[PDB]
Every structure is written in structure tokens, then in C-alpha cells.
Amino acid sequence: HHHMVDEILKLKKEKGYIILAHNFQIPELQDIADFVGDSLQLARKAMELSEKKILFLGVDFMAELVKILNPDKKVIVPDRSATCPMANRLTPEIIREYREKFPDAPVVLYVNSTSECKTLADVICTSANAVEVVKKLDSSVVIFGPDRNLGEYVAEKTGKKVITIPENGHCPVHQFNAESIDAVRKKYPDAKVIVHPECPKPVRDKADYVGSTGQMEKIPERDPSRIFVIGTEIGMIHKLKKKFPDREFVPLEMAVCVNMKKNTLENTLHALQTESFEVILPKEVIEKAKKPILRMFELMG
């Protein structure tokens, strides 16, 4: 199609779709979305909608999070293979193993986890609320996955013991070189460096701020600095530049989530033409995964 944007806007209105896009989507998809945000922002937005049809642009665990909290809505995705390789390395078998060895340690699962894994969790957390969630739990020991870096960050801030699963659990996208910060400090002496808690400890410790994408987009609301250096996936640069056109946003390095970039204008148009591919979870998976999500809301309420 020669005008994919205009046909997408035409079909979404005609067929009663709200388009939700994650911060890491390509700019062209962010720009056609009704809302752009982090996984829990989009799931909460979906809960407020009068509309019953959602075109979700992200990866499977996020689309499923929307479906779990919006079970009667039709949720479609343009690429059914779009997934989180980090989430996928944690298994039910590994959770059961660690529960057995540490039975008094609550299982805290990062939202970047499979819906099957969520059915086995005591509580879910986001990168924004993980410290507060783990601080508020009774236990001085927790089981945490699937990101070892976020787990270690949480242990640093809370002073609690955090038992990370799986072994070497990590996001390839956030493995920046610490030397990249050394290089921007010299190139932009007055720039503020913001990096994700999924970054390795040497990167986190050299940044001015550590936070989630949702936290990153609030830092220019209180920090009047002209230049920010951003240590997360490249999609956030577009999001920040749109929100704060008066500031400069510099990627710490080019970091692309290949799965996030599986969604294109062409397969997004195909999704609205065919109203596929529907996100379907067994009723029992929705019911079980909902328990640790409600527990998270209870702790943050």
C-alpha cells in the first residue's frame, strides 16, 4: 500500500479499534497509536476504555497482560512471534525448584515474564515499582526473575536478600558498555545520563539517574537540563523528543530490541484488514496470573 498510515487510521475507526503501542515501537507506529506507554500503563489504559477491540503493538507478554486485565476485550497483534527472549529463559520448572529450596521466600516476577510463569508467582513487579514492592513484602528474602540486573538493583536499594532466577537472566538490549558513559561525559559535560535498572552495575553506578521508561519520561518534568543521554531501547528517544521538543535526547548507544521491531506499518495494516492475530489465553491462565497482579496493586495502593 502507498498510503499505509491513512488506511490504518481509516480501518481502526471503521472497525472500532483502539491502538496501544509500547515505548519501544518504531516511530511510525508510535505516531499512529491512540496511546503510547509502558506495559502496565497500557494495561491500565485498556481497563478505562469503552471500546472492546484493541490492536496491541509490542511483544507477547505485554499483549497478554492487557488480555489478562481485559478478558472480555478482543486483543489482536500484527506479529504473533514478537516475544521477549529474556522472559522465555525462565520456566515453571525453575520456579518450582527454587520455591522448594526457599519456601519462605515470596516469588517476585518482573512483568517481563511469560503468562505461564505469572500463574506461579506470588507478586508481579515493574522496573518502576520493584524496590517498593520488595520493601513492602514481610520477608527479608525474595525469589526474583527473570532479570538478574534488576534483581541486584532491588537488593542494593532494599538491603534484602534477592535470589535471582534463572542463571545469567538478562536483557541483551540493556548491556551497554560503561566506556560509553565515559565518552559522553567528555562530549557533553552538562548532559544528564539516565539508564535503565536492567543495565549492568558499572553502567548504573556511572549514571545521574536510574529508572524505568515511565520514570525516564518524568525526569525532564523536574530536571531543566538541556541534554539527556538515554540508556534504554532506541524507541524511547522518539517518545522523549515528542514529549520534550525543547530538549536534546542522545542514545547512550544504538540498542534495538529485534522483537519490538517485528511490528511494521505493513503487518499493522494486515492486522486491521483481517482482525488477526487474536491473543487467546485459557480462562484458568487468566484467573491464576491475575492473583499476583492484584497482589502488586494491593501493595502499591
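Each residue number is its position in the shown sequence, starting from 1.
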item: 80-88 versus 128-136 - greater average Cα B-factor per the deposited record; value: 128-136
item: Selected stretch [higher average CA B-factor]: 268-276 or 239-247; value: 239-247
item: CA B-factor ranking of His22, expressed as a third of its chain; value: lowest
item: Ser180 CA temperature factor, ranked by third within the chain; value: highest
item: Chain thirds of CA B-factor: placement of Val203; value: highest
item: Cα B factor band for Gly169 (lowest, middle or highest third within the chain); value: highest
item: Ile143 - which third its CA temperature factor falls in, relative to the rest of the chain; value: middle
